[PDB]
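A.B. asks:
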């Protein structure tokens, strides 16, 4: 009559459900107030208000001008 | 197309009670043709005509027989054509 | 039962195409005002899907074969609940 | 209107004349002496083969032109198929008559649609700089250009599509379009 | 290639290396060995499909026979179509939906 | 009798005739886990079960004792 | 479930050709299977009576060709149900 | 009405949803025009989802009398269903009409 | 420095470390596998951080880096909604592919590990570059490492398999190259921002479509052009067979979102009936043959041809639902297909040495855990709900149906036929008898390594099938830019 | 009667124990650990989907109609 341990899988499944319940409750932004500090930090690091538009527009223009130069050189009259 | 009111009123009494009549009549006959007469079933199961319809309905209208050789085997042979040829 | 689900899946595709959703509230509130032909298309697909799981005269062969399983399975699934879906 | 028969002999003579050349070269590279007149004894089946293809290509490519009265890439396709087909009959295999007909017809069709620059490509005679600039900077076309040549529908529903649909359905099915009022009020 | 026969038709009671499959170990196999074994579509050997199609056709003849009999002698309706005040106009969806019976042709 | 089977095969559903010596102690533990999250499902349901009709006060309706969307209605109607 | 107790009582036999006389051996099983059989045949005043028999009345109650036709189609089905029962 | 939050200030298009009078050589303008076209299409479609939600609430509220008490949303949803659809910016960016 | 270049350079550090430890310290071959495994997980960490900074409703490419050093060929990296999930899938799959082949690779471990790390950098560059010539440079750069990987670590027919993949890919690509070159001549560049606002002539679009479609049809693969996959997916080692079926096949699906839909709008609309004819023919033919396939590996490999046709039809739907479901299908397929190759090429093959389904039967009696995961994996291959495969299957079939009903109807027979071969293969291996009598030596069940890589794969396909909003959320705004059409009353507003 | 549960998980016999191969630490603490840490961090990632932006505008557009009685009467 060997005994059976509950086993790590029992705690991984139970702990996963328990952790999900715990984490979800603390993740709420409150009743109607401002989002918690952790939410604000995530917004701050991923701010990128106009970072990519400025960088992207400069790159397209630089390669527009490249193309005009290439066109002028390969279409040069023989 | 609601038929509730006519079902309770328009149907003649005989038709409403008919399945009860047909059930008692056909259940005593089934009892009468088994342990009371019980040869007629054996006569029928060896009559040439009754033999075929016994096997027609025992074999489920032959539907499964035609499903295998015309649907699943054909699907299986189509695959064989593609893999080999 | 997948042969039925093919038509069931296609029937839901017809519902999404003509209504933009398939919630019961949205499908049934708008049904009287919808094209009569698309209702026929949708209903035919629902009928073919229902024909397979309720094992009607076309897609019926799987049901008597389901008796290979244990008898309590035959009572709960192949007699009173799944076939009634 | 071109003489297919008169052209066909010229095509056979030119291509088959090359056949006599390779026939004469194969004769000179023969280890066993067989005589000068062996050019038409055993090497004849090479010049005859080559002139057979030239006439088969030129006649059919000319004959197809007279049937439709238009000179384009396709005429060399049919001539290629029959040139390829006639190269098969020497082998004697039905797979080979089609295999060569496929090869020669596609090659010769491809060089006419493209206009292979073997004898020289087309001359633009125009400013190459402005041809590139015009294609690159043309970014909006009038809607009539796409609509006339991709059609209307299949998600292409320009303004006024529904009114056009009502008239188009009326002439083909004879039904007035009027969806229901979907509301007890109004 | 051995003769192409489903392995359904071998002896269940013979000595088999694989009793479940009904096959001996060195036994040669067909190029359709995959779809000739025990786990494969059953081969129903009741009757030839030529006769089989005939028997089903008689049932179709019988089914159509009852259809004709009912069509010749089936009772006429007993009650007039129920009249509905206003034809259930508003509460069946308005004029944009189907209405009920109201003073129409019969 | 009892079908012979390998003792080297590990199954999550138990195996062949698998009954642990502690079956009752572990059934108790799992039954508490099932009850524990079923109550959590009960708590979540009572807060988000939405109705458009209010049951009569004199009528059997055990939902009235936990579900919020009508629990507040009863006390709101208790103001006149 | 009643049949399931029959198969369990015998050595898991499922062929009718090997049964009979089991009424004195399965008194509760026979009684419940008899109750279930009368409800299936729609013997009057039983659970199955109120449901299935009313479909038959409704079928004829719909005073159409198809309704009366399938009342006939279903009345043979009622007859042969009694026979298998 | 509900005030716009900081979420609906960063992504609010600053330009009308048109490709008219836009220089495709200005990358920022072309992208802003493309963005504005997409946001308008998505709003009309999400207008369908919201209207679909009161029609759902009306349906289970009314029951028998939904066919005569929930028709205001049935047209409102049907109009949005027949008009709103995310179709992109690509056809207008390449063709001009009227 | 951009995080996108961090993605590319980390696997090169692993190549440098693996090739150099022998000089730094007879090093044990276990250390290289730990270096190679740790390298791939660090790469996943950067991808998870990129996805957490990613903006789901931005039209400009993100995580770009200024260059201002214009050469003739330069490498520009960017990421938007469509390409990010393909990036995450390469990073999620590569650690599993290494752990899958942990004990099976017995010789040339540096060579095996260095090629896989090189393939990760090359495969990720495909979804990250911002240029169509850059796209082709990396799409075709994987050919040498894949050629050498198959011949060094392949099975008996490895030489033929390694010759088939290189030659088909080289040939189809040279047709794509001729199209990419014609575009660069017309526009002057293939940088995405410049090239996307180009409107080619319709006749040019037609000849540009062909060649591009010739290439992608060979790499989809469509039926009749699929002989290379069956030779190369089967003969390839399990790790390389995972990369070939989970990531390599998905480069042409992502290539439609960059090379066909935004720059060939009219041709795609007009030639849809050709594509849907090939796709529907592919679904039917790829399904009947995989019913008759007796190699278990060849059977799993060739079902991919059947699913690749489904999301190829969904990518030509011109429907936001079909396009998204196509990405979901190609994403879910790379999970289930990876697991099935592990189950067949890794678990059956390593124990038996044979791939013939004839020798397998009733493994449930001995391997309870294998049958557990192999059944969920076959349910995913059959497109059962609560699996991301169902959601991708369902959405791309609706788009296919709404675009061409009859083609969508014929394509919608995969609900029947894919289930037909997934359960037929399952019931012959796991079920259908007690235990195969050719097993004179009892087997062991799933090891911890076999259990974890399978459990991870069925986890991704199930969580994402219960909440597909994790992928669908960042995919909505950017695919809105690849649809072609207008409404009669929602266009040209003033 | 019933039998006690038996079997060798991972194929490790009762006499012996499981032996680490070298992939366990990287897989559990690295790949799985990162995926969990990513999950909690995802719960704080700000919403950037086009719907929640468009629901806000569409809410106002339907508010300026007979639908969706707005909180303020302006």
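Residue numbers (the numbering used here), protein chains in the order written: chain P, 2 to 79; chain B, 350 to 434; chain U, 13 to 97; chain E, -16 to 169; chain W, 17 to 122; chain G, 152 to 231; chain Y, 1351 to 1435; chain V, 184 to 281; chain C, 167 to 660; chain F, 3 to 76. Heads up, the beta-carbon is just placed ideally off N, CA and C, and yes, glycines get one too.
Give me whichever residues DSSP pairs with residue 39/W in a beta bridge.
C.D. replies: Answer is 34/W, bridged to residue 39/W.
A.B. asks: Closer than 8 Å is the cut-off here; do at least three beta carbon pairs connect the segment 33 to 53 of chain E with the segment 67 to 74 of chain E?
C.D. replies: The segment 33 to 53 of chain E is in contact with the segment 67 to 74 of chain E.
A.B. asks: Which runs of the alpha helix (DSSP H) spanning at least 4 residues fall entirely within the segment 543 to 601 of chain C, listed in chain order?
C.D. replies: Counting only runs of 4 or more, we get 554 to 569, 571 to 577, 580 to 595.
A.B. asks: Could you give the distance in angstroms between the alpha-carbon of residue 86/W and the alpha-carbon of residue 1423/Y?
C.D. replies: Rounded to the nearest angstrom, the two C-alpha atoms are 10 Å apart.
A.B. asks: Terminal residues of the continuous alpha helix (DSSP H) containing residue 261/V?
C.D. replies: From DSSP, the alpha helix (DSSP H) with residue 261/V extends over 254 to 266.
A.B. asks: Would a check of beta-carbon distances place residue 415/B closer than 8 Å to chain Y?
C.D. replies: No, because no Cβ of chain Y sits closer than 8 Å to the Cβ of residue 415/B.
A.B. asks: Just by C-beta distance, which residues in the segment 69 to 96 of chain W are closer than 9 Å to chain Y?
C.D. replies: Correct list: 79, 82, 83, 85, 86, 87, 90, 91, 92, 93, 94, 95.
A.B. asks: Verify the CB distance criterion: does residue 42/F have a CB-CB separation below 8 Å to chain V?
C.D. replies: It does not; no Cβ of chain V falls within 8 Å.
A.B. asks: Inspect the beta-carbon positions of residue 58/F and residue 187/V and report whether they are closer than 8 Å.
C.D. replies: Contact: yes.
A.B. asks: Looking only at its chain, what residues have a beta carbon closer than 8 Å to the beta carbon of residue 349/C, apart from the 5 residues adjacent to it on each side?
C.D. replies: Within the same chain, residue 349/C has close Cβ partners 298, 356, 361, 364, 366, 374, 429.
A.B. asks: For residue 592/C, count neighbouring C-beta atoms within 10 Å of its own C-beta (all shown protein chains included) and say buried if the count is 16 or more, exposed if not.
C.D. replies: By the 10 Å Cβ count, residue 592/C comes out buried.
A.B. asks: Run down chain W in chain order and give the residues with a C-beta less than 7 Å from the C-beta of residue 598/C.
C.D. replies: Here the neighbours are 55.
A.B. asks: Excluding the 5 residues preceding and the 5 following residue 54/W in the sequence, name in chain order all residues of the same chain whose CB lies nearer than 8 Å to its CB.
C.D. replies: Excluding residues within five positions, the ones whose Cβ falls inside 8 Å are 23, 24, 36, 37, 38.
A.B. asks: Would you call the segment 247 to 255 of chain C and the segment 197 to 217 of chain C in contact, with 3 or more CB pairs under 8 Å?
C.D. replies: Touching, per the Cβ criterion.
A.B. asks: Run through chain P and tell me which residues come within less than 9 Å of residue 195/V, C-beta to C-beta.
C.D. replies: The premise fails here: residue 195/V is roughly 13 Å from chain P at the closest Cβ pair, so nothing lies under 9 Å.
A.B. asks: Under 7 Å, CB to CB, which of the residues in the segment 197 to 215 of chain G have a partner in chain V?
C.D. replies: Listed by position along the chain: 203.
A.B. asks: Beta-carbon of residue 160/G versus every beta-carbon of chain C: anything under 8 Å?
C.D. replies: True, the Cβ-Cβ gap to chain C drops below 8 Å.
A.B. asks: Count the C-beta pairs between the segment 224 to 244 of chain V and the segment 186 to 197 of chain C that are closer than 8 Å, then say yes if the count reaches three, no if not.
C.D. replies: With a cut-off of 8 Å, the segment 186 to 197 of chain C and the segment 224 to 244 of chain V do not count as touching, because too few Cβ pairs lie within range.
A.B. asks: Go ahead and pull the three-state DSSP assignment for residue 138/E.
C.D. replies: Residue 138/E falls in the coil class under three-state DSSP.
A.B. asks: In three-state DSSP terms, what is residue 461/C?
C.D. replies: Residue 461/C falls in the strand class under three-state DSSP.
A.B. asks: In whole angstroms, what separates the C-alpha of residue 163/E from that of residue 63/U?
C.D. replies: Cα to Cα, the separation comes out at about 33 Å.
A.B. asks: Drop a sphere of 10 angstroms on the beta-carbon of residue 351/C, count the other beta-carbons inside from all chains shown, and report buried for 16 or more, exposed for fewer.
C.D. replies: Exposed is the call here.
A.B. asks: Is the distance from the Cβ of residue 292/C to the Cβ of residue 417/C below 8 Å?
C.D. replies: Yes.
A.B. asks: Between the beta-carbon of residue 103/W and the beta-carbon of residue 88/W, is there less than 8 Å?
C.D. replies: In this structure, residue 88/W does not lie closer than 8 Å to residue 103/W by Cβ.
A.B. asks: Could you check if residue 70/U is buried or exposed, using at least 16 other CB atoms within 10 Å of its CB as the buried criterion?
C.D. replies: By the 10 Å Cβ count, residue 70/U comes out exposed.
A.B. asks: Do the segment 192 to 203 of chain G and the segment 214 to 225 of chain G make contact, defined as three or more Cβ pairs closer than 8 Å?
C.D. replies: The segment 192 to 203 of chain G, when compared against the segment 214 to 225 of chain G, does touch it at the 8 Å Cβ threshold.
A.B. asks: Residue 59/F CB to nearest chain D CB: under 8 Å?
C.D. replies: Protein chains P, B, U, E, W, G, Y, V, C and F are contained in the structure displayed, whereas chain D is not.
A.B. asks: So residue 179/G is in the alpha helix (DSSP H); what residue range does that whole segment cover?
C.D. replies: Residues 174 to 199.
A.B. asks: Ignoring anything shorter than 4 residues or poking outside the segment 362 to 422 of chain C, list the alpha helix (DSSP H) runs there in chain order.
C.D. replies: Qualifying alpha helix (DSSP H) stretches, in chain order: 368 to 385, 393 to 401, 404 to 409.
A.B. asks: Would you mind working out which of 390/C, 475/C, 320/C, 264/C sits nearest residue 399/C, comparing C-alpha positions?
C.D. replies: Looking at the Cα atoms, 320/C is the closest of the given residues.
A.B. asks: Tell me which residues of the segment 1397 to 1415 of chain Y have at least one Cβ-Cβ distance to chain B shorter than 8 Å, keeping chain order.
C.D. replies: If the cut-off is 8 Å between Cβ atoms, the segment 1397 to 1415 of chain Y has 1403, 1404, 1406, 1407, 1408, 1410, 1411, 1412, 1413 near chain B.
A.B. asks: Could you tell me if residue 398/B is buried or exposed, where buried requires 16 or more neighbouring beta carbons within 10 angstroms of its beta carbon?
C.D. replies: That one is exposed.
A.B. asks: With a threshold of 8 Å between beta carbons, is residue 244/V in contact with chain G?
C.D. replies: Closer than 8 Å to some Cβ of chain G, the Cβ of residue 244/V qualifies, so yes.
A.B. asks: Within its chain, find whatever has a CB closer than 6 Å to the CB of residue 578/C; leave out the 5 residues flanking it on each side and keep chain order.
C.D. replies: Excluding sequence neighbours, residue 578/C sits near 563.
A.B. asks: Check distances from the C-beta atoms of the segment 65 to 76 of chain U to those of chain B and list, in chain order, the residues that come in under 7 Å.
C.D. replies: If the cut-off is 7 Å between Cβ atoms, the segment 65 to 76 of chain U has 73 near chain B.
A.B. asks: Looking at chain C, is there any beta carbon in it that lies within less than 8 Å of the beta carbon of residue 24/W?
C.D. replies: By this cut-off, residue 24/W is not an interface position.
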